[PDB]
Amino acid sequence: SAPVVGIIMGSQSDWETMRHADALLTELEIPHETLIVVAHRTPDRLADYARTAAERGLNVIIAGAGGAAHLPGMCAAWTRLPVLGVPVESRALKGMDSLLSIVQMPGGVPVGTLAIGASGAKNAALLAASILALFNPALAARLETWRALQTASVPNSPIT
């Protein structure tokens, strides 16, 4: 089935983080595509990917990158689709450079930013699902079930 979410990332090394977004979309049965798009090495590829995303049937883009992380913001510059950004943890600055380079978008072009690292990747997929659930009743029911199960599955006390 045709992808409705695009997961894009700046490097193979980003996959260790972005795979959590991929896994969650699959769990919720959301058709998606997963690609490498390098903002600084393939900027024309980025422009083409972002500007054709809507006509290709994508509804949400999840973009992950680290360091001077320009991929999510430049994607949002070229699409009117919602773009969600995942700061990938960097070696020296522990993803603080990733976080600030993604979340601090000047007014006019948004990127909905999630936590540094694997939690952020999981949550980008969940946020994408909650967006799609607004106009996809079957997915909305699956998501409600997922959230309810998460709540019900919490233990009462730690293993001491």
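Counting begins at 1, following the sequence as shown.
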query	finding
36-44 versus 96-104 - greater average Cα B-factor per the deposited record	36-44
9-17 versus 140-148 - which carries the larger mean C-alpha B factor in the record	140-148
Which of 113, 59, 130, 26 ranks first by CA B-factor in the deposited coordinates	26
B-factor third for the C-alpha atom of residue 91 within its chain	highest
Chain-relative CA temperature factor third for residue 118	middle
Where the record places residue 63 (Cα B-factor, split into thirds across the chain)	lowest
Among modelled residues of the same chain, the CA temperature factor third for residue 109	lowest
Cα B factor band for residue 69 (lowest, middle or highest third within the chain)	lowest
